[PDB]
Amino acid sequence: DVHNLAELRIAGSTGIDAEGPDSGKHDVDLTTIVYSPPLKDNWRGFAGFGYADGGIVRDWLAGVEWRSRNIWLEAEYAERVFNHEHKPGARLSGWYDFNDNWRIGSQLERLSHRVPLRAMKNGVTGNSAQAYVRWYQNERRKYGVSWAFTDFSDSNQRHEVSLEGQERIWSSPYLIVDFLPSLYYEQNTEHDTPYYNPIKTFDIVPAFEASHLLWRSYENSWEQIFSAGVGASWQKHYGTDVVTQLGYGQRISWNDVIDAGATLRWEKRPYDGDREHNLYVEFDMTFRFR
């Protein structure tokens with residue numbers, strides 16, 4: 001019956017062949033975080049670790065989480081090291097639920113991950129502010145507005161905006177199919193940069209996702225995830241070309257104590273002209289224990 005215990009989260013990202021502009025062909029992202037048990041009914045403390053080599057960047061972090069329904073909140077401080085150089089970092093985030101159809105979320109970060117993770121090759125520091133609004137119109141219908149402002153340590157400010165939708169097309173005992181149309185807007189300021197800093201980009205990518213169930217017995221299961229998208233990307237001084245994206249993954253859930261998933265992703269969009277392709281693998285695991 002025990003279901004609120006200590007929790008270990010481990011998630012990772014690695015590039016198979018990422019010929020994109022803000023990532024080398026082969027990069028490695030790994031983050032591991034452990035949550036304490038409910039210290040009391042709403043409070044949890046966590047500590048964690050972050051790793052990124054592509055010149056190696058590591059993170060040591062610790063923070064607290066408060067949790068009731070209708071409102072979730074956490075703060076987090078981290079220390080980031082690079083080439084015998086320490087720099088401080090902190091995160092504040094939360095969401096609350098207005099009416100149980102509407103939810104508003106907020107997020108403050110230093111340093112921000114919304115900065116391409118090594119514009120810091122020249123030591124580019126960034127602090128940001130995120131906000132989002134999510135609205136559930138049916139039980140089969142869901143829209144998400146989001147935006148973020150980011151201040152770089154080289155005078156560049158990035159204002160990103162995203163708008164997502166989630167429409168349920170088909171819901172079977174074994175198969176569900178979602179329509180996930182996505183919109184994205186990004187604007188920057190600094191013009192001659194050593195990192196991919198597009199001045200004004202806008203994308204329209206209609207996409208679907210299909211979750212198929214391979215096997216299930218009662219409270220533990222196994223599913224495969226197929227997702228595909230074809231869209232267009234516009235960039236000022238460069239016009240427009242096509243965006244295509246594919247994903248394949250699988251999920252395992254076991255006794256509400258084991259959750260694991262791994263996804264193989266491919267995408268091909270234009271960066272400053274003609275299209276380059278990104279191929280990478282993502283995974284995540286959550287365990288609950290002593």
# chains A, B, ... in the order shown; residues from 1 in each chain; ligands from 1

$ closest_atom_pairs --of "region 267-287 of chain A" --to "region 248-251 of chain A" --cutoff "10 Å" --atoms "only C-alpha atoms" --output "JSON lines"
{"residue": "A:281", "atom": "CA", "partner": "A:249", "partner_atom": "CA", "distance": 9.4}
{"residue": "A:282", "atom": "CA", "partner": "A:249", "partner_atom": "CA", "distance": 9.0}
{"residue": "A:283", "atom": "CA", "partner": "A:249", "partner_atom": "CA", "distance": 9.1}
{"residue": "A:284", "atom": "CA", "partner": "A:251", "partner_atom": "CA", "distance": 9.7}
{"residue": "A:285", "atom": "CA", "partner": "A:251", "partner_atom": "CA", "distance": 9.9}

$ closest_atom_pairs --of "region 48-143 of chain A" --to "region 195-213 of chain A" --cutoff "12 Å" --atoms "only C-alpha atoms" --output "JSON lines"
{"residue": "A:114", "atom": "CA", "partner": "A:197", "partner_atom": "CA", "distance": 11.9}
{"residue": "A:115", "atom": "CA", "partner": "A:195", "partner_atom": "CA", "distance": 9.8}
{"residue": "A:116", "atom": "CA", "partner": "A:195", "partner_atom": "CA", "distance": 7.7}
{"residue": "A:117", "atom": "CA", "partner": "A:195", "partner_atom": "CA", "distance": 10.0}
{"residue": "A:118", "atom": "CA", "partner": "A:195", "partner_atom": "CA", "distance": 8.3}
{"residue": "A:119", "atom": "CA", "partner": "A:195", "partner_atom": "CA", "distance": 5.7}
{"residue": "A:120", "atom": "CA", "partner": "A:195", "partner_atom": "CA", "distance": 9.3}
{"residue": "A:121", "atom": "CA", "partner": "A:195", "partner_atom": "CA", "distance": 9.3}
{"residue": "A:122", "atom": "CA", "partner": "A:195", "partner_atom": "CA", "distance": 9.8}
{"residue": "A:123", "atom": "CA", "partner": "A:195", "partner_atom": "CA", "distance": 11.5}
{"residue": "A:124", "atom": "CA", "partner": "A:195", "partner_atom": "CA", "distance": 9.7}

$ select_by_dssp --residues "region 167-258 of chain A" --states "strand (DSSP E)" --output "ChimeraX atom specification"
/A:167-171,175-179,182-187,200-205,207-217,220-235,239-254,258

$ residues_around --residues "residue 127 (chain A)" --least-positions-apart "2" --cutoff "7 Å" --atoms "only C-alpha atoms" --output "count of residues only"
7

$ residues_around --residues "region 129-137 of chain A" --least-positions-apart "3" --cutoff "10 Å" --atoms "only C-alpha atoms" --output "short mmCIF file (atom, residue, chain, number, x, y, z; two decimals) with N, CA, C and O atoms, in the first residue's frame"
data_model
loop_
_atom_site.label_atom_id
_atom_site.label_comp_id
_atom_site.auth_asym_id
_atom_site.auth_seq_id
_atom_site.Cartn_x
_atom_site.Cartn_y
_atom_site.Cartn_z
N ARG A 91 17.22 28.11 -8.77
CA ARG A 91 15.97 28.02 -9.50
C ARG A 91 14.75 28.14 -8.59
O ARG A 91 14.71 27.54 -7.51
N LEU A 92 13.78 28.92 -9.02
CA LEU A 92 12.51 29.04 -8.32
C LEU A 92 11.37 28.81 -9.30
O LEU A 92 11.30 29.46 -10.34
N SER A 93 10.48 27.88 -8.97
CA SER A 93 9.40 27.53 -9.88
C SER A 93 8.17 27.02 -9.15
O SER A 93 8.25 26.58 -8.00
N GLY A 94 7.03 27.09 -9.83
CA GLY A 94 5.79 26.59 -9.28
C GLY A 94 4.61 26.71 -10.22
O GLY A 94 4.67 27.45 -11.21
N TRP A 95 3.55 25.96 -9.94
CA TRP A 95 2.28 26.17 -10.61
C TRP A 95 1.16 26.11 -9.59
O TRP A 95 1.28 25.47 -8.55
N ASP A 97 -3.39 25.97 -9.56
CA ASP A 97 -4.53 25.74 -10.41
C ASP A 97 -5.69 26.64 -9.96
O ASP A 97 -6.23 26.49 -8.86
N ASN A 99 -9.25 27.65 -11.71
CA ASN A 99 -10.30 26.65 -11.83
C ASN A 99 -9.63 25.38 -12.32
O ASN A 99 -8.57 25.46 -12.92
N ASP A 100 -10.22 24.22 -12.05
CA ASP A 100 -9.53 22.97 -12.36
C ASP A 100 -9.47 22.70 -13.87
O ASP A 100 -9.14 21.60 -14.30
N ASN A 101 -9.77 23.73 -14.67
CA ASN A 101 -9.52 23.71 -16.11
C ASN A 101 -8.32 24.58 -16.48
O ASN A 101 -7.71 24.40 -17.53
N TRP A 102 -8.00 25.55 -15.62
CA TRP A 102 -6.89 26.48 -15.87
C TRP A 102 -5.76 26.35 -14.85
O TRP A 102 -5.99 26.23 -13.65
N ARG A 103 -4.52 26.37 -15.34
CA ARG A 103 -3.35 26.35 -14.48
C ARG A 103 -2.31 27.36 -14.95
O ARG A 103 -2.06 27.49 -16.14
N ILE A 104 -1.73 28.09 -14.00
CA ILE A 104 -0.68 29.05 -14.33
C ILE A 104 0.63 28.63 -13.67
O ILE A 104 0.65 28.23 -12.51
N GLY A 105 1.71 28.69 -14.44
CA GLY A 105 3.02 28.30 -13.95
C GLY A 105 4.06 29.39 -14.10
O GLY A 105 4.03 30.17 -15.05
N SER A 106 4.99 29.44 -13.15
CA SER A 106 6.04 30.45 -13.14
C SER A 106 7.39 29.77 -12.91
O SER A 106 7.46 28.70 -12.32
N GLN A 107 8.47 30.40 -13.38
CA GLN A 107 9.79 29.80 -13.23
C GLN A 107 10.94 30.80 -13.38
O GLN A 107 11.11 31.40 -14.44
N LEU A 108 11.71 30.96 -12.31
CA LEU A 108 12.91 31.79 -12.31
C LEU A 108 14.17 30.95 -12.25
O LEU A 108 14.24 29.99 -11.48
N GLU A 109 15.17 31.30 -13.05
CA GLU A 109 16.42 30.54 -13.05
C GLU A 109 17.68 31.39 -13.15
O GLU A 109 17.74 32.38 -13.88
N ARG A 110 18.68 30.99 -12.37
CA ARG A 110 20.07 31.37 -12.59
C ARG A 110 20.91 30.12 -12.27
O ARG A 110 20.62 29.44 -11.29
N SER A 112 20.39 29.97 -16.41
CA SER A 112 19.30 29.36 -17.16
C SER A 112 19.79 28.32 -18.15
O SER A 112 20.87 28.46 -18.73
N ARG A 114 18.01 27.78 -20.70
CA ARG A 114 17.50 28.36 -21.93
C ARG A 114 18.63 29.03 -22.71
O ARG A 114 18.48 29.41 -23.87
N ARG A 140 -10.92 15.86 -23.72
CA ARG A 140 -10.16 15.36 -24.86
C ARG A 140 -9.53 16.52 -25.59
O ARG A 140 -9.40 16.50 -26.82
N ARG A 141 -9.16 17.55 -24.84
CA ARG A 141 -8.74 18.80 -25.46
C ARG A 141 -8.06 19.85 -24.62
O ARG A 141 -8.61 20.37 -23.66
N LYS A 142 -6.87 20.22 -25.06
CA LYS A 142 -5.92 20.84 -24.17
C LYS A 142 -4.97 21.83 -24.91
O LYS A 142 -4.40 21.49 -25.94
N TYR A 143 -4.88 23.06 -24.41
CA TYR A 143 -4.07 24.10 -25.07
C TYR A 143 -3.10 24.74 -24.09
O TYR A 143 -3.43 24.96 -22.92
N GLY A 144 -1.89 25.03 -24.56
CA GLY A 144 -0.84 25.53 -23.69
C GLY A 144 -0.10 26.73 -24.23
O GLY A 144 0.59 26.65 -25.25
N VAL A 145 -0.22 27.85 -23.54
CA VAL A 145 0.51 29.05 -23.90
C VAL A 145 1.71 29.22 -22.98
O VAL A 145 1.60 29.07 -21.77
N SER A 146 2.86 29.51 -23.57
CA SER A 146 4.09 29.65 -22.80
C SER A 146 5.01 30.69 -23.42
O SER A 146 5.00 30.90 -24.63
N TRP A 147 5.80 31.34 -22.58
CA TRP A 147 6.79 32.30 -23.06
C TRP A 147 7.90 32.46 -22.04
O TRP A 147 7.72 32.18 -20.85
N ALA A 148 9.06 32.92 -22.50
CA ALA A 148 10.22 33.07 -21.64
C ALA A 148 11.12 34.20 -22.12
O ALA A 148 11.34 34.37 -23.32
N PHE A 149 11.64 34.96 -21.17
CA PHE A 149 12.60 36.01 -21.46
C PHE A 149 13.95 35.64 -20.85
O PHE A 149 14.01 35.14 -19.73
N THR A 150 15.03 35.85 -21.59
CA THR A 150 16.36 35.45 -21.13
C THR A 150 17.41 36.53 -21.37
O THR A 150 17.58 37.00 -22.49
N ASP A 151 18.11 36.92 -20.30
CA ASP A 151 19.16 37.93 -20.40
C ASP A 151 20.55 37.28 -20.37
O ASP A 151 20.94 36.68 -19.37
N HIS A 159 13.68 36.55 -26.20
CA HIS A 159 12.28 36.39 -25.82
C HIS A 159 11.67 35.25 -26.63
O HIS A 159 11.46 35.38 -27.83
N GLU A 160 11.41 34.13 -25.97
CA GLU A 160 10.80 32.98 -26.62
C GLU A 160 9.32 32.89 -26.28
O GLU A 160 8.91 33.23 -25.18
N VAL A 161 8.52 32.44 -27.24
CA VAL A 161 7.10 32.20 -27.02
C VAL A 161 6.69 30.89 -27.70
O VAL A 161 7.10 30.62 -28.82
N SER A 162 5.89 30.09 -27.00
CA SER A 162 5.40 28.84 -27.58
C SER A 162 3.91 28.68 -27.35
O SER A 162 3.36 29.18 -26.37
N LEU A 163 3.25 27.99 -28.27
CA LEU A 163 1.83 27.70 -28.14
C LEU A 163 1.55 26.28 -28.60
O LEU A 163 1.69 25.97 -29.78
N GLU A 164 1.14 25.43 -27.67
CA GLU A 164 0.90 24.03 -27.98
C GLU A 164 -0.57 23.67 -27.85
O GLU A 164 -1.35 24.37 -27.20
N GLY A 165 -0.95 22.56 -28.49
CA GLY A 165 -2.28 22.01 -28.37
C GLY A 165 -2.21 20.50 -28.24
O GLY A 165 -1.25 19.88 -28.70
N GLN A 166 -3.22 19.91 -27.61
CA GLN A 166 -3.29 18.47 -27.48
C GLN A 166 -4.72 18.01 -27.69
O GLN A 166 -5.55 18.10 -26.78
#

$ closest_residue --among "A:185, A:67, A:33, A:274" --to "residue 8 (chain A)" --atoms "only C-alpha atoms"
A:33

$ atom_distance --atom1 "CA of residue 224 (chain A)" --atom2 "CA of residue 173 (chain A)"
14.2 Å

$ residues_around --residues "residue 271 (chain A)" --least-positions-apart "3" --cutoff "10 Å" --atoms "only C-alpha atoms" --output "number ranges by chain"
A: 20-22, 196, 198, 201, 233-235, 238, 241, 268, 274-277

$ residues_around --residues "residue 43 (chain A)" --least-positions-apart "6" --cutoff "9 Å" --atoms "only C-alpha atoms" --output "ChimeraX atom specification"
/A:37,64-67

$ closest_residue --among "A:24, A:38, A:63, A:12" --to "residue 51 (chain A)" --atoms "only C-alpha atoms"
A:12

$ decode --residues "region 179-287 of chain A" --atoms "C-alpha atoms" --output "mmCIF file, in the first residue's frame"
data_model
loop_
_atom_site.group_PDB
_atom_site.id
_atom_site.type_symbol
_atom_site.label_atom_id
_atom_site.label_comp_id
_atom_site.auth_asym_id
_atom_site.auth_seq_id
_atom_site.Cartn_x
_atom_site.Cartn_y
_atom_site.Cartn_z
ATOM 1 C CA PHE A 179 -2.856 15.661 -32.387
ATOM 2 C CA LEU A 180 -0.141 17.974 -31.062
ATOM 3 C CA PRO A 181 0.171 21.132 -33.183
ATOM 4 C CA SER A 182 3.027 23.349 -32.012
ATOM 5 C CA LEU A 183 3.918 26.991 -32.615
ATOM 6 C CA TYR A 184 7.162 28.683 -31.589
ATOM 7 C CA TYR A 185 8.631 32.188 -31.696
ATOM 8 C CA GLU A 186 12.160 33.316 -30.814
ATOM 9 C CA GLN A 187 13.732 36.772 -31.010
ATOM 10 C CA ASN A 188 17.271 37.845 -30.105
ATOM 11 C CA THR A 189 19.347 41.033 -30.234
ATOM 12 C CA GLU A 190 23.119 40.454 -30.455
ATOM 13 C CA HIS A 191 24.001 40.086 -34.137
ATOM 14 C CA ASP A 192 27.571 38.786 -34.341
ATOM 15 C CA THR A 193 27.618 35.823 -31.965
ATOM 16 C CA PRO A 194 29.752 32.674 -31.433
ATOM 17 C CA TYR A 195 26.568 30.702 -30.681
ATOM 18 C CA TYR A 196 23.384 30.126 -32.680
ATOM 19 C CA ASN A 197 21.500 33.348 -32.009
ATOM 20 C CA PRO A 198 18.773 33.665 -34.681
ATOM 21 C CA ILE A 199 17.298 37.172 -34.784
ATOM 22 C CA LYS A 200 13.680 36.237 -35.501
ATOM 23 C CA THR A 201 12.466 32.665 -35.975
ATOM 24 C CA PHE A 202 8.921 31.333 -36.319
ATOM 25 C CA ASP A 203 7.832 27.715 -36.740
ATOM 26 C CA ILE A 204 4.541 25.980 -37.449
ATOM 27 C CA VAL A 205 4.767 22.229 -36.881
ATOM 28 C CA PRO A 206 1.598 20.115 -36.917
ATOM 29 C CA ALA A 207 2.361 16.730 -35.380
ATOM 30 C CA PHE A 208 0.672 13.629 -34.023
ATOM 31 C CA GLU A 209 1.595 11.085 -31.376
ATOM 32 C CA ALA A 210 0.349 7.517 -31.047
ATOM 33 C CA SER A 211 0.680 5.431 -27.888
ATOM 34 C CA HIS A 212 0.265 1.716 -28.548
ATOM 35 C CA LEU A 213 -0.026 -0.796 -25.713
ATOM 36 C CA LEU A 214 2.204 -3.866 -26.017
ATOM 37 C CA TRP A 215 1.224 -5.595 -22.775
ATOM 38 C CA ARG A 216 -0.502 -4.942 -19.464
ATOM 39 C CA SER A 217 -1.535 -6.792 -16.351
ATOM 40 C CA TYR A 218 -3.419 -4.694 -13.850
ATOM 41 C CA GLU A 219 -1.093 -1.964 -12.422
ATOM 42 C CA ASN A 220 2.062 -2.530 -14.528
ATOM 43 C CA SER A 221 2.403 -2.110 -18.294
ATOM 44 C CA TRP A 222 4.513 -1.689 -21.434
ATOM 45 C CA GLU A 223 3.815 0.708 -24.309
ATOM 46 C CA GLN A 224 5.481 1.984 -27.478
ATOM 47 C CA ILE A 225 5.365 5.602 -28.593
ATOM 48 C CA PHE A 226 5.412 6.723 -32.212
ATOM 49 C CA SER A 227 5.381 10.420 -33.086
ATOM 50 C CA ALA A 228 5.737 12.291 -36.376
ATOM 51 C CA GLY A 229 5.616 15.907 -37.505
ATOM 52 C CA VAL A 230 5.904 17.880 -40.730
ATOM 53 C CA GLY A 231 6.025 21.671 -40.633
ATOM 54 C CA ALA A 232 7.704 24.866 -41.805
ATOM 55 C CA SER A 233 10.355 27.100 -40.239
ATOM 56 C CA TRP A 234 10.810 30.777 -41.039
ATOM 57 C CA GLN A 235 13.931 32.797 -40.263
ATOM 58 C CA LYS A 236 14.400 36.450 -41.235
ATOM 59 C CA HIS A 237 17.213 37.022 -43.772
ATOM 60 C CA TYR A 238 16.825 33.346 -44.701
ATOM 61 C CA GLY A 239 13.178 32.775 -45.597
ATOM 62 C CA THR A 240 11.471 29.433 -45.040
ATOM 63 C CA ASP A 241 12.151 25.727 -45.407
ATOM 64 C CA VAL A 242 10.504 22.517 -44.215
ATOM 65 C CA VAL A 243 10.580 20.964 -40.737
ATOM 66 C CA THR A 244 10.304 17.212 -40.276
ATOM 67 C CA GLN A 245 10.497 15.214 -37.055
ATOM 68 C CA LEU A 246 10.189 11.572 -36.028
ATOM 69 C CA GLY A 247 10.299 9.801 -32.693
ATOM 70 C CA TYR A 248 10.100 6.226 -31.488
ATOM 71 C CA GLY A 249 10.131 5.161 -27.859
ATOM 72 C CA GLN A 250 8.895 2.709 -25.245
ATOM 73 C CA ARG A 251 7.615 2.955 -21.676
ATOM 74 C CA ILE A 252 7.712 0.491 -18.781
ATOM 75 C CA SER A 253 5.696 0.918 -15.592
ATOM 76 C CA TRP A 254 6.159 -1.611 -12.787
ATOM 77 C CA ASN A 255 4.298 -1.765 -9.454
ATOM 78 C CA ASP A 256 4.222 2.052 -9.245
ATOM 79 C CA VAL A 257 7.854 1.717 -8.135
ATOM 80 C CA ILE A 258 9.579 1.449 -11.516
ATOM 81 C CA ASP A 259 9.126 3.855 -14.410
ATOM 82 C CA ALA A 260 11.468 3.854 -17.395
ATOM 83 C CA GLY A 261 11.417 5.121 -20.963
ATOM 84 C CA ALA A 262 13.786 5.615 -23.879
ATOM 85 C CA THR A 263 13.147 7.550 -27.078
ATOM 86 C CA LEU A 264 15.047 7.732 -30.361
ATOM 87 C CA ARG A 265 14.556 11.126 -32.005
ATOM 88 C CA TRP A 266 15.233 12.586 -35.431
ATOM 89 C CA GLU A 267 14.638 16.113 -36.702
ATOM 90 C CA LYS A 268 15.649 18.166 -39.721
ATOM 91 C CA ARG A 269 15.089 21.919 -39.779
ATOM 92 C CA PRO A 270 16.861 24.905 -41.372
ATOM 93 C CA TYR A 271 19.520 26.838 -39.447
ATOM 94 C CA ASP A 272 20.690 30.025 -41.205
ATOM 95 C CA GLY A 273 19.792 28.674 -44.636
ATOM 96 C CA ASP A 274 19.561 24.988 -45.485
ATOM 97 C CA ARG A 275 18.536 22.090 -43.256
ATOM 98 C CA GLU A 276 20.791 20.076 -40.966
ATOM 99 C CA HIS A 277 19.665 16.901 -39.190
ATOM 100 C CA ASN A 278 19.697 15.900 -35.521
ATOM 101 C CA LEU A 279 19.619 12.302 -34.332
ATOM 102 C CA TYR A 280 19.714 11.561 -30.615
ATOM 103 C CA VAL A 281 18.524 9.327 -27.792
ATOM 104 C CA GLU A 282 16.703 10.387 -24.628
ATOM 105 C CA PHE A 283 15.892 8.328 -21.562
ATOM 106 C CA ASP A 284 14.529 8.712 -18.042
ATOM 107 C CA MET A 285 14.056 6.457 -15.035
ATOM 108 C CA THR A 286 12.207 6.960 -11.775
ATOM 109 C CA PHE A 287 12.542 4.599 -8.823
#
